[PDB]
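Residue numbers (PDB author numbering), protein chains in the order written: chain X, 4 to 9, 11 to 31, 35 to 57, 65 to 72, 74 to 80, 83 to 110, 113 to 126; chain E, 272 to 500; chain S, 329 to 500; chain G, 1 to 99; chain R, 2 to 9, 11 to 30, 35 to 59, 62 to 72, 74 to 110, 113 to 119; chain H, 2 to 9, 11 to 30, 35 to 59, 62 to 72, 74 to 110, 113 to 119.
Built from N, CA and C at the ideal position, the CB exists for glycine as well.
What follows is one structure encoded as structure tokens, with my remarks underneath.
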Ligand SMILES: *[C@@H]1O[C@H](CO)[C@@H](O[C@@H]2O[C@H](CO)[C@@H](O)[C@H](O)[C@H]2NC(C)=O)[C@H](O)[C@H]1NC(C)=O
Ligand SMILES: *[C@@H]1O[C@H](CO)[C@@H](O[C@@H]2O[C@H](CO)[C@@H](O)[C@H](O)[C@H]2NC(C)=O)[C@H](O)[C@H]1NC(C)=O
Ligand SMILES: *[C@@H]1O[C@H](CO)[C@@H](O[C@@H]2O[C@H](CO)[C@@H](O)[C@H](O)[C@H]2NC(C)=O)[C@H](O)[C@H]1NC(C)=O
Ligand SMILES: *[C@@H]1O[C@H](CO)[C@@H](O)[C@H](O)[C@H]1NC(C)=O
Ligand SMILES: *[C@@H]1O[C@H](CO)[C@@H](O)[C@H](O)[C@H]1NC(C)=O
Ligand SMILES: *[C@@H]1O[C@H](CO)[C@@H](O)[C@H](O)[C@H]1NC(C)=O
């Protein structure tokens, strides 16, 4: 799983983040998750089993999944954004839970 | 006890005491609309249903059962709920109608007791510091008999209410299980571990339709029996 | 039953000649009729009954000193008050005892019947589509069951997927 | 490992109810000990510790009993023509003028 | 539901490192526990999972033999022992309480 | 569950013999009662069965007409009347409480 290495957006603008995949991981019908994090401290979960939120996340994030790719959009962007995002899913070719590689700069 | 400034309905030799509970252990001498006095050190009313800690681990594969072998952890949306598995991924949801009915019944049951005390302004003296004779012994005897009768009544009432609450919050889940079975008709088979197995190609919309009660079994009944029989 | 006889149970006919336990099983197949008992259900029932019985027995309270409850003279109003309070206490405790006995009997009779509605629904779930409720008290299994299948059903090891291929072939 | 890929033509709708790790124990008429998710203490085993007289007017016999105030003694001479809904006597009270 | 850790020790290459993860607020033997690590400039590298109800464990494609984990149910805790330290294995270790329906759950 | 009998009488050939079987300890009208006899040097020769709930009876292949039995529910007992006595019919008569699942049950 990978994320586009660079994406930017001014406050008040929508930003789109996409995860790559194949039939083994996303095409097998398993869940996909996003993690909002700072490199030194910890990650924080986004999305849920269903299309809900873990009752600690503001309405600024929207998540969706398709046949072969998944996306997270932020519309009401604020200055509280910690600009580091990684995908997460389950793979069948190898039976380990796989996180993603990515980088974001607000600009 | 020294005198201060606050608002309280009952006065006891120990001090003030809130009226928001039907029983007490502080003392047997009261003034005002104080609750009943009992002997039990503690009493608990089941403002809730039975608890089964979740055992999600099953060897290496895991478990998903519910309401029969495994209570669900990590669900604060409501009391009763739903889960599903299909090609769009596992999920979780809650039924607002059933949990609201249960909460309303529980709150009515609780409001039946709390705040409905009766005035007991003047009573006989219930403490003594002298031997007096037969009338004092009779007063002590009637006090003890009243306290014992009310203690037995309180224990029986708590046991009855707990039994009825635990059975109500379980018949309300046998319901909505029979109801879902009726809605699905011939399209679902009870696995027996706690819930159904649906034999048609259900999606994210079919689960919501089943939850709402809009589900129409005639559309998918043509293929459910083709898959199961 | 006339000339043929009856085998029903739990709905129309209680079983005589079974001292193995309270709840039990019977079966009919090509190896002959038989009888068995379920130790788990009867043990749970016996434990619950014994706990209910131990709740009352031995839990009395001390009553060292009380008022005089017998008289041999007319005395006045205080003696009449003592007699009245004695009678009211006795009447209240008699009503409490009768109500307690009625409640406990009702709950015991319903518990030892819901515990048999259970293990009937449980067996129905285990057999899934392979058995049909006759309605006289028990099931009719539509596959060629033997002395091992009955034991497997009693244990809970029974796997319906093996015989589900022929059960619907026989019943439908 | 994990369960194989979700089947294309089968759903597994399931029903259940919440649970808590710190389940409180409670007694019923059939079982002496069962676990419930939430339970409230019906019996108030604690007292505030002070007496206040907002709805009920309360008179305080600091150094005299009710009979001492009724008969008339200096230590409770402020009790003349008073009214109350509850009279609280003190264990330290003592008669002074006459036994 | 909370997971605390103890991983402040430092070791020379070729030595062994012990890390402890303590769980509270939930039934210990009911959920799969996961071990993952993160290094600067890289994505999170998942290592393995352990079932506290038994001894069953599972590892990644390149963590066979060099890392082990065990559980103590009486003290509701887990330990991870890593040997054969190398310069490329300097990272921060995270402990996870996985849930099969609610996602990765809580972290440490 | 017990079955007692009264069969100590002796008769000349050509006369009639009455034997009574009394049942106690169980519901009288709930089980088939059986009549059998045994002679020295021979195996037990089964005769017939009677349902105390009704008048239905069944006999063997060679005991048609020569033996009858009746029941009294008010006194929970059964009687067997045998006529046409012959030297080869000198034997001891047993009364049986048959059970369809527990076998022949108790004897007398
Ligand atoms: C306040 O309540 C306490 C109990 O909460 C009372 O203390 C008991 O009083 C009885 C009767 O005087 C004594 O025999 C007991 O030894 C006391 N203690 C206990 C633990 O039972 C107390 O009397 C009440 N009143 C005051 C003014 O303190
Ligand atoms: C257990 O149930 C009790 C009783 O319903 C809950 O206590 C109520 O809490 C709400 C929210 O704070 C208050 O408004 C009510 O006045 C409380 N009622 C009583 C009788 O105490 C309690 O919150 C429940 N426990 C949990 C963990 O939710
Ligand atoms: C109650 O009577 C007692 C005496 O037994 C009083 O005690 C003292 O009274 C004098 C009066 O001038 C005060 O100066 C002292 O400070 C008091 N001592 C104590 C320890 O109280 C007492 O004041 C009287 N009144 C009350 C309300 O207690
Ligand atoms: C059925 O429930 C789903 C899931 O919440 C909802 O989207 C939909 O509006 C509901 N009502 C219908 C289909 O009438
Ligand atoms: C099943 O019950 C039968 C009958 O008692 C017994 O022989 C057998 O060992 C039990 N257990 C199995 C088959 O696992
Ligand atoms: C489900 O469909 C996919 C294609 O969408 C196919 O590759 C897969 O084999 C199917 N699974 C089963 C169990 O038939």
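In this structure, residue 277 of chain E and residue 304 of chain E do not form a Cβ contact; the two beta carbons are roughly 16 Å apart against a cut-off of 8 Å. Not one heavy atom of ligand 5 is found less than 7 Å from the C-beta of residue 369 of chain S. About 7 Å separates the CB atoms of residue 21 of chain X and residue 88 of chain X; that is less than 8 Å, so the two are in contact. By the Cβ criterion, the segment 361-378 of chain S is in contact with the segment 426-444 of chain S, since at least three pairs of Cβ atoms, one from each stretch, lie closer than 8 Å. Under DSSP, the beta-bridge partners assigned to residue 281 of chain E are E:288. Linking residue 314 of chain E to residue 429 of chain E through their CA atoms gives a straight-line distance of about 8 Å. Interface criterion not met: the Cβ of residue 77 of chain G is under 8 Å from no Cβ in chain S. Per DSSP, reduced to three states, the secondary structure at residue 107 of chain H is strand.
Linking residue 327 of chain E to residue 2 of chain G through their CA atoms gives a straight-line distance of about 13 Å. Listed by position along chain S, the residues whose Cβ is nearer than 8 Å to that of residue 500 of chain E are 496, 500. Against chain G, a Cβ distance below 7 Å from residue 276 of chain E picks out 52. Taking C-beta atoms as the reference points, residue 321 of chain E and residue 89 of chain G fail to come closer than 8 Å.
Each of S:496, S:478, S:455, S:444 was checked against the Cα of residue 364 of chain S, and the nearest Cα belongs to S:478.
Only those residues of the segment 400-414 of chain E whose C-beta falls short of 8 Å from the nearest C-beta of chain S are listed: 405, 406, 408, 409, 412, 413. A distance criterion of 7 Å places the beta-carbon of residue 7 of chain G in contact range of ligand 6, judged by its closest non-hydrogen atom. For ligand 1, the residues with a Cβ under 5 Å from any of its heavy atoms are, in chain order, E:284, E:285, E:298. Between the alpha carbons of residue 47 of chain G and residue 22 of chain G lies a gap of roughly 27 Å. With fewer than 16 neighbouring CB atoms inside 10 Å of its own CB, residue 490 of chain S falls in the exposed class. With contacts defined as CB atoms closer than 8 Å, residue 18 of chain H and residue 98 of chain H fail to qualify as a contacting pair. Contact between the segment 47-65 of chain G and the segment 83-97 of chain G is present, with at least three C-beta pairs closer than 8 Å. Within chain E, no residue has its beta carbon less than 7 Å from that of residue 40 of chain R; the closest one is some 13 Å off. Listed along chain X are 107, 114, each with a C-beta nearer than 8 Å to that of residue 2 of chain G. Inclusion of residue 118 of chain R and residue 14 of chain X in the CB contact set at 8 Å is not warranted, their separation being larger than that value. Taking 4 residues as the minimum length, the alpha helix (DSSP H) runs contained wholly in the segment 430-469 of chain S are 449-455, in order along the chain. Listed by position along the chain, the residues with Cβ atoms less than 5 Å from a non-hydrogen atom of ligand 3 are G:62, G:63. Around the Cβ of residue 497 of chain S, a 10 Å sphere holds fewer than 16 other Cβ atoms; the residue is exposed. Taking all protein chains in view, the Cβ of residue 407 of chain E is surrounded by fewer than 16 other Cβ atoms within 10 Å, so the residue is classified as exposed.
Legend: CB atoms of the segment 74-92 of chain R lying less than 7 Å from CB atoms of chain X are not found in any residue. When beta bridges are read from the DSSP output, residue 55 of chain G appears opposite no residue. Taking all protein chains shown into account, residue 391 of chain S has fewer than 16 neighbouring C-beta atoms within 10 Å of its C-beta and is therefore exposed.
By the rule that beta-carbons nearer than 8 Å mark a contact, residue 40 of chain X does not touch chain E.
Close to residue 316 of chain E, with beta-carbon spacing below 7 Å, are these residues of chain G in chain order: 39, 40, 42.
One thing to note: residue 55 of chain X has its Cβ no nearer than 8 Å to the Cβ of residue 360 of chain E. Between ligand 2 and the CB of residue 439 of chain E, the shortest heavy atom gap is not smaller than 7 Å. The beta carbon of residue 463 of chain E falls within 8 Å of a beta carbon belonging to chain S, placing the residue at that interface. Assignment of residue 94 of chain G by DSSP, reduced to helix, strand and coil, places it in the coil class.
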